[PDB]
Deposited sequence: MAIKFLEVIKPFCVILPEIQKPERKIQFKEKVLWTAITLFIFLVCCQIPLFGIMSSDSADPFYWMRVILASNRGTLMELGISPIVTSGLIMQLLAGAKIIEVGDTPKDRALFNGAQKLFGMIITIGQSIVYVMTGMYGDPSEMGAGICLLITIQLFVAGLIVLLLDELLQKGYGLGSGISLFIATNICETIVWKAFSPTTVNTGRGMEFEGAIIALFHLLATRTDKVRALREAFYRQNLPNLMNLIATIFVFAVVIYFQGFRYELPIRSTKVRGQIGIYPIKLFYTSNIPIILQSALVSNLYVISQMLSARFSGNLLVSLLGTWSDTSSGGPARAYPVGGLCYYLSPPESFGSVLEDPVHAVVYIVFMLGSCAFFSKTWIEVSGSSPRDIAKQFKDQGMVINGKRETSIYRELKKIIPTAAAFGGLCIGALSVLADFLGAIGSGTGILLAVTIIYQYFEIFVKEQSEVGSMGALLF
């Protein structure tokens, strides 16, 4: 933090607000950040030759809030990679007013990683052959992506220092899923075919079919059971899964804490069933995603090998290897032919969410020991129980809560995948569990 310190000051920074920002200006800044994110997501890059190749990173476009061929190609990568590299350096003991140096080096490294990513994204050939594009065009694309990542970091700091609600990672990820669901519901796009003109949006197609078709019953049947375009049984399943996740996320083990330092403040410490709120979903989706992009790049080179044929066998959906057993089955209908694949997938999704949750409670400092230390340091004690028994009463709840909120969230993802709900299961879980965070922020600011 001293050798690189010269380079850790030049980058811009956000001033902490002098006074507490009201819940009106915070929502205003959140809306401005969201609007900037969306507009940059819809603006194509300059220098692209042909965005006709299959997307190398199609699988991570959801978790990373990315949009191919646009300014927001990396999405929330500048935010995620900076934090990840900071934690990796801290854990490896390479790195230790020091907060300013840490928060400057974080942004300085999250832009070097952003540049490296903007170089890896171009040599993949998704924008065309770099030799044909030329050094000038490649450099211009890299500069555009660098400025976009800088804007991403600035907007995230704007949201986090107090000017807005929540964080960039949650807001952008939830936005790209809510927008996807709303687009698959109201798409003006019309995929023509031999049958005729039909809209790609389920509701718009329902209206078009009820208007232009004489056989109204066969129009309702079609608009409800289309197998080529989003139908209404996939939008009703989305609402049902939303309702189920909403019900199950409201579970909480209300602990009656009672302070002993300043006597008088009795309170409730809620231990939610979803203890790690969608962190198991982010971790599982990130694992599989970054593994499909690897088994997909290693299925072109080194083709026909053994390690490649076991890691994944692509067609682009997997048909064998490890990738096949991690991919959701094509609804419950495609389970009859392959039962072992469905069993392995349902087992993997639960046993990975549970493992990730029970590991994250120890890694993120939310384990029963850490909560007991917080209780001891704040004077909090459980009302009915004793003061030295707080650790036991927390160890009898928090580990089980984390494990079962991993199983529950994995099962909800599996159910959403099996119901054909729009937005996937990861997306519907990442949308609901992030809208609930903003709902909690809303109630907190409105009660304070």
Taking the deposited sequence from residue 1, the uncovered stretches are 1-5, 102-106, 326-334, 468-476
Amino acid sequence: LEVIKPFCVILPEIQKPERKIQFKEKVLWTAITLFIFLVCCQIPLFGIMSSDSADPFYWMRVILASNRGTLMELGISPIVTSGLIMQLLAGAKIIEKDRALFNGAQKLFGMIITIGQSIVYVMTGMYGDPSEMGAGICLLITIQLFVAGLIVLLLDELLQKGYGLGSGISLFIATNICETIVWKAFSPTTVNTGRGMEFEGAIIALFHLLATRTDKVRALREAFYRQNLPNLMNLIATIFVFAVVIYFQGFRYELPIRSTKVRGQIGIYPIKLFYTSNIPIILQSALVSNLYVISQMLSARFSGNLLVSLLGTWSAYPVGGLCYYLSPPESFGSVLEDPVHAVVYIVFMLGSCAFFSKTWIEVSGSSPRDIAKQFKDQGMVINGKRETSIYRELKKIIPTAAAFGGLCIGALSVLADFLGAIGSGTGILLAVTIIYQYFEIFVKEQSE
From here on, numbers count along this sequence of modelled residues.
Between us, would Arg221 come up missing in a third or more of the other compared entries?
no
Compared with other deposited entries of this protein, is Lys184 missing coordinates in at least a third of those that cover its neighbours?
no
